[PDB]
Amino acid sequence: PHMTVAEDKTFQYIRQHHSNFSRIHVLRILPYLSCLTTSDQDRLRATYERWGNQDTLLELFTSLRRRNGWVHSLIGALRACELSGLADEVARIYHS
């Protein structure tokens with residue numbers, strides 16, 4: 001019963017507006033996402049190498065969604081990676 005209404009709403013927003021998020025660079029954002037496990041990190045770096053940014057970004061969001069507090073992890077990480085506008089939009093949806 002983990003996932004909250006706000007989390008789901010946020011995930012669905014990112015899904016519907018995925019092209020808004022295309023300038024995330026997966027490799028740069030990964031170490032900031034403290035909600036990911038070391039195993040998650042390992043797998044996502046290896047996924048990136050094989051499939052590239054665009055497909056790995058899809059996998060990143062579904063990977064995030066399985067973890068505690070991913071929304072706030074993502075918001076923090078977006079700010080840390082010079083994407084504060086994306087952070088603001090995500091926070092706005094979460095609190096809506």
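- As recorded in the entry header, the structure was determined using X-ray crystallography to a resolution of 1.944 Å.

## Points about the overall build of the protein chain
- Scanning the protein chain from N- to C-terminus turns up 5 helices and 0 strands.
- Walking the protein chain from its N terminus toward its C terminus, one meets helices and strands in the order α-α-α-α-α.
- Relative to the globule expectation of 12 Å for 96 residues, the C-alpha radius of gyration of the protein chain, 12 Å, shows essentially globular dimensions.
- Dimensions along the principal axes, computed over C-alpha positions, put the protein chain at roughly 35 × 30 × 20 Å.

## Side note on the packing of aromatic side chains
- Per the counting criterion, the structure on display carries 3 aromatic pairs.
- Relative to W70, the ring of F11 has its centre 6.3 Å away and its plane inclined at 85°; by these criteria the two rings are edge-to-face. Linking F11 in helix α1 (residues 5-16) with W70 in helix α4 (residues 70-80), this pair joins segments that are 59 residues apart in sequence.
- Residue class for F11 comes out buried when judged on its relative accessible area of 3%.
- By the ring-pair criterion, three or more aromatic residues cluster together here, those being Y13, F21 and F61.
- Seen from the ring of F11, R65 lies directly overhead, with NZ or CZ sitting 3.9 Å from the centre.

## Examining helix α3 (residues 38-65)
- Between the first and last C-alpha of α3 there are merely 16 Å, a value that for 28 residues lags more than 12% behind the 40 Å anticipated at 1.5 Å per step.
- When the local axis directions of α3 are compared, the greatest deviation, roughly 130°, occurs at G52.
- Looking only at α3, the buried set comprises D40, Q41, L44, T47, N53, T56, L57, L60, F61, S63 and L64.
- Contacts from the buried residues of α3 go to α1, α2 (26-29) and α4.

## Observations regarding the nonpolar core
- Ranked by size, the top nonpolar core spans 29 residues in total, and within it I24, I29, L60, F61, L64, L74 and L78 carry the most contacts.
- Where this core is concerned, the elements lending two or more residues are α1, α2, α3, α4 and α5 (84-94).
- Of all the elements, α4 adds the most residues to this core, at 6 residues.
- Apart from the residues lying within four places of it in its own chain, the contact partners of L60 are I29, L30, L33, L36 and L44.

Rules behind the numbers
Residues numbered from 1 in each chain as written, not as in the entry; some residues may be left out. Heavy atoms only, no water. Residues with missing side-chain atoms left out of burial classes, pairs and counts. Helix = DSSP H or I, 4+ residues; strand = E, 2+ residues; numbered from the N terminus. Rg over C-alpha atoms; globule rule 2.2 N^0.38 Å. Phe/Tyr/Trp six-rings, centres within 6.5 Å; stacked < 30°, edge-to-face > 60°. Buried < 20%, exposed > 50% of the residue type's maximum accessible area, 1.4 Å probe, protein only. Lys NZ or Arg CZ within 6 Å of the ring centre and 35° of its normal. Expected span 1.5 Å × (residues − 1). Bend = angle between axes of the 7 residues up to and from the residue. Contact = heavy atoms within 4.5 Å. Core = buried A, V, L, I, M, F, W, Y, C linked by side-chain atoms within 4.5 Å.

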